[PDB]
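Asks: My questions will all concern the structure given below.
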Amino acid sequence: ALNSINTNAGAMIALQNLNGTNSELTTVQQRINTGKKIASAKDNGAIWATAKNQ
Amino acid sequence: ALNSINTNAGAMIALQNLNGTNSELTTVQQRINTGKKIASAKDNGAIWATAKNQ
Amino acid sequence: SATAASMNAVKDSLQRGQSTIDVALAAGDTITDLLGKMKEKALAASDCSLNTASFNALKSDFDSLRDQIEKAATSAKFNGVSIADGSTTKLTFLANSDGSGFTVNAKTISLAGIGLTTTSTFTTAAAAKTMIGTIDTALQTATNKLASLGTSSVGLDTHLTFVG
Amino acid sequence: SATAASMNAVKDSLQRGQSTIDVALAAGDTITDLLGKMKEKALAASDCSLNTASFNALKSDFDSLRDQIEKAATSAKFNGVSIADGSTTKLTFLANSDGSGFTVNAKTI
Amino acid sequence: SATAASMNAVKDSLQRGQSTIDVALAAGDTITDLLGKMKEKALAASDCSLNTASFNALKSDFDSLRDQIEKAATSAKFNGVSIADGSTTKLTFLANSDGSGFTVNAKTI
Amino acid sequence: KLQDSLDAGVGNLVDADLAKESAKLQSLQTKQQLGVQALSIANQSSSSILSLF
Amino acid sequence: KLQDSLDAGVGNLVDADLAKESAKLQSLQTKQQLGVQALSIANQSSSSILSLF
């Protein structure tokens with residue numbers, strides 16, 4: 001209602017965007033730590049399985 | 001009106017000058033990256049075409 | 001607003017599912033490394049020009065690695081339930097405020113799950129020749145199961161974000 | 001003054017319409033992201049030099065994403081009505097104190 | 001102030017034109033490199049003292065480079081339109097708040 | 001190279017200029033603070049009637 | 001020689017390019033710092049109501 005005292009969507013949307021940025025940061029940090037894109041089975045199942053067997 | 005609350009030209013002109021500086025910085029950084037003045041066809045069409053054919 | 005509170009209840013089930021699958025994935029990575037080592041040992045033991053003393057050493061190494069695999073597989077439990085031991089066939093978590101479920105099938109990565117049949121060794125130089133192929137098949141099927149588990153984990157994360 | 005009170009009644013219908021369309025838009029954004037991922041998986045699975053084991057993994061990923069799309073689409077309901085499931089063809093809200101309507105067509109996603 | 005808002009609408013068209021021409025320029029640079037290589041291969045293949053086996057190798061290299069050129073040229077599309085494939089003759093973007101246009105002729109490469 | 005070009009193009013399409021948003025945010029915050037005070041001034045009207053009776 | 005070829009092939013399959021990850025990390029760290037400040041700005045809304053009463 002532009003003056004509500006119980007809720008505000010601006011904080012919710014700011015939180016959502018911050019969480020998205022944190023997730024991307026986590027992915028990049030994992031890449032830097034392990035030194036490779038496909039490190040686990042979550043990154044890419046097909047390529048990870050192929051690399052293990054090879 | 002020297003006290004307007006809706007607009008101010010100082011911010012606009014400061015923004016324009018900052019953008020000009022950013023553009024010059026982009027040009028210099030491109031020169032440093034590629035190591036040459038005429039790297040693409042935008043820099044100088046005539047000299048770029050001459051160098052390619054030569 | 002009652003429904004929104006119910007969704008607040010759903011998110012906890014999704015988080016618990018995340019934790020369980022993460023434990024399973026860690027155990028699976030260890031097991032795949034051990035399976036690679038076992039394949040190498042079995043290949044080495046199939047050489048026909050070895051002494052009686054090298055064959056026994058390679059056999060002991062193989063036995064040690066197999067026991068390691070069993071120990072690693074049996075301990076991947078979170079909150080008493082697991083999707084890697086073979087105790088249950090599937091785990092269902094909450095997905096919707098109306099009681100709908102998110103199903104995660106069980107991917108057994110124990111010795112019996114991958115066909116290795118605990119207390120399985122080679123006694124001659126010809127049994128290792130077939131143990132090579134057996135371990136190749138075991139590694140292939142283990143990697144397939146772990147890829148499926150990874151897909152399930154990604155799905156859980158995505159649905160948790162959407163519910164929030 | 002009776003008409004002004006009636007307009008006070010109209011504003012509530014307009015607000016409820018706002019809420020319903022907002023829920024639909026959130027679900028739609030999620031669905032578009034999932035569709036992009038599905039396109040990438042389908043492109044990857046069309047490679048003719050893949051093993052029998054990679055094709056199955058890509059197929060399972062595709063199936064998972066499709067089920068995600070269905071779950072997201074079917075839950076975009078506010079007050080029991082929706083403009084994204086395909087249950088109804090349009091929703092009309094109050095627009096004028098004389099009974100005139102504001103029509104929003106249903107966009108099944 | 002209506003005119004200033006219209007100029008705010010003009011800037012988007014100009015930016016889209018920028019993006020399209022940038023894509024075309026990248027493709028063109030790749031194509032010029034490939035053309036230089038093709039010239040070298042054709043010069044090498046014109047030697048009269050070569051075997052029947054070297055001529056075929058040079059011919060295959062030439063064919064490969066030509067197919068590369070076609071692949072590079074046909075993919076320089078932004079938003080479905082291009083100034084390098086030869087599909088259209090020119091592209092006009094907004095230049096003024098009164099509807100005037102900025103014309104960019106198509107350069108088929 | 002082509003993927004880089006396409007990403008840059010989309011970014012050119014939908015990105016913002018935060019340097020301008022900072023100035024706009026400052027001006028709008030000041031204007032909102034002034035608007036609350038103006039509403040407070042407007043409320044206190046008609047309070048002087050009681051002195052007549 | 002064959003073992004070297006296979007190792008190089010697997011590395012080509014699953015390796016990353018750290019030069020690009022450095023740039024992405026810098027941009028993401030800046031964006032997170034900006035996001036915390038944006039959330040802080042968003043929190044301070046509705047604090048001006050108290051002046052009306």
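Nothing in this text is a laboratory measurement; each read-out follows from the coordinates by a stated rule. No Cβ is skipped: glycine too gets one built from the backbone with ideal geometry, and neighbour counts run over all protein chains shown.
Asks: In percent, how large is the relative contact order of chain C, given Cα pairs closer than 8 Å and 6 or more residues apart? Show your work: numbers first, answer last.
Replies: Working: 192 pairs, mean separation 52.7, N = 164.
Dividing the mean separation by the residue count of chain C yields 32 percent.
Asks: Give me the net charge of residue F:4's neighbourhood, meaning all other residues with Cβ under 15 Å from the Cβ of residue F:4; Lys, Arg count +1, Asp, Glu -1.
Replies: Details: positive: F:1, G:20, G:24; negative: E:22, E:29, F:7, G:17.
With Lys, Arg at +1 and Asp, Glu at -1, the net is -1.
Asks: While we're looking at this one, here's another question. How many nm is it between the label spots at residue G:50 and residue A:11, if each spot is 7 Å from the Cα in line with the beta carbon?
Replies: Calculated label separation equals 1.4 nm.
Asks: Compute the distance in nm between two label points, each set 7 Å from the Cα along the Cα-to-Cβ direction, one at residue B:21 and one at residue C:52.
Replies: With each label point 7 Å from Cα toward Cβ, the separation is 8.7 nm.
Asks: Kindly express, to the nearest 10 degrees and within the range 0 to 90, the angle between helix F:2-14's C-alpha long axis and the longest C-alpha principal axis of chain F.
Replies: Tilt relative to chain F: about 10 degrees.
Asks: Quick one: angle between helix E:52-74 and the longest Cα principal axis of chain E, in degrees between 0 and 90, rounded to 10, please.
Replies: 10 degrees
Asks: Another question about this same structure. What shape does the protein assembly as shown take by its C-alpha gyration tensor, where a ≥ b ≥ c are the square roots of the eigenvalues and a/c under 1.5 counts as rounded, a/b above b/c as prolate, and the rest as oblate? Spell out each step's value before the answer.
Replies: Numbers: a/c = 2.36, a/b = 1.29, b/c = 1.83.
Oblate is the answer for the protein assembly as shown, as a/c is 1.5 or above yet b/c matches or exceeds a/b.
Asks: Within a Cβ distance under 14 Å of residue C:20, other residues only, what is the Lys/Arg minus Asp/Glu net charge?
Replies: Values: positive: C:16, C:77, C:90, C:107; negative: C:12, C:22, C:85, C:157.
With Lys, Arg at +1 and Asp, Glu at -1, the neighbours total 0.
Asks: A follow-up question, please. Tell me the Kirkwood hydrodynamic radius of region C:47-164 in angstroms, computed as one over the mean inverse distance between distinct C-alpha pairs.
Replies: Working: mean 1/r = 0.0592 Å⁻¹.
Computed over Cα pairs of region C:47-164, the Kirkwood hydrodynamic radius comes out at 16.9 Å.
Asks: With chain F rotated onto chain G, spot the residue of F whose Cβ lies nearest the axis and note the distance in whole Å.
Replies: So the chain F residue sitting closest to the axis is F:51, 13.
Asks: Ignoring everything except DSSP H segments at least 4 long, calculate the 222 nm mean residue ellipticity for the protein assembly as shown; use -39,500 (n - 2.57) per segment, divide by total residues, nearest 500. Numbers along the way, then the final one.
Replies: On the way: 15 runs with 386 residues, N = 596.
Mean residue ellipticity at 222 nm (helix-derived): -23000 deg cm²/dmol.
Asks: Can you flag which of E:107/F:20; C:71/D:41; C:59/C:145; A:42/D:107; C:145/D:77 are past 31 Å Cα-Cα? Can you show the working numbers first?
Replies: Working: E:107/F:20 37 Å; C:71/D:41 36 Å; C:59/C:145 28 Å; A:42/D:107 34 Å; C:145/D:77 36 Å.
Going by Cα-Cα distance, E:107/F:20; C:71/D:41; A:42/D:107; C:145/D:77 fall outside the 31 Å limit.
Asks: Separate question: Run the numbers on chain D and let me know its relative contact order in percent, using alpha-carbon pairs under 8 Å that are six or more apart.
Replies: Numbers: 108 pairs, mean separation 35.0, N = 109.
Relative contact order comes out at 32 percent.
Asks: Take every residue in peptide C:148-160, count the Cβ atoms of other chains within 10 Å of its Cβ, and give the average of those counts. Mind showing how you got there, number by number?
Replies: On the way: counts 7, 3, 10, 9, 3, 3, 9, 6, 0, 2, 9, 4, 0.
Partner Cβ neighbours, averaged per residue: 5.
Asks: Relative to the longest principal axis of the C-alpha atoms of chain E, give the angle of the C-alpha long axis of helix E:2-45, reported between 0 and 90° and rounded to the nearest 10°.
Replies: 10 degrees
Asks: Along region C:102-116, what does the Karplus equation 6.51 cos²θ - 1.76 cosθ + 1.60 (θ = phi - 60°) give for ³J(HN,Hα), rounded to whole Hz, x for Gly and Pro?
Replies: 10, 9, 10, 6, 7, 10, 5, 10, 6, 5, 6, x, 9, x, 8
Asks: Might you report the magnitude of the Cβ-based charge dipole of chain D about its Cα centre, with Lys and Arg at +1 and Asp and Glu at -1, to the nearest 20 debye? Mind showing how you got there, number by number?
Replies: Numbers: 11 positive and 12 negative charges, 30 e Å.
So the magnitude is around 140 debye.
Asks: Here is a further query. Averaged over peptide G:9-20, how many Cβ atoms belonging to another chain are found within 10 Å of each residue's Cβ?
Replies: Numbers: counts 2, 5, 2, 0, 8, 14, 4, 8, 2, 3, 0, 2.
So the per-residue partner count for this stretch is 4.
Asks: With +1 on the Cβ of every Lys and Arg and -1 on the Cβ of every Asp and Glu, and nothing else charged, how large is the dipole of the protein assembly as shown about its Cα centre, in debye rounded to the nearest 20? Can you show the working numbers first?
Replies: Numbers: 53 positive and 52 negative charges, 71 e Å.
I would put it at about 340 debye.
Asks: Count, for each residue of D:52-62, the Cβ atoms from other chains sitting within 10 Å of its Cβ, then give me the mean as a whole number.
Replies: Details: counts 0, 10, 7, 1, 5, 14, 3, 0, 7, 9, 0.
If you average over the peptide's residues, the count of other-chain Cβ atoms is 5.
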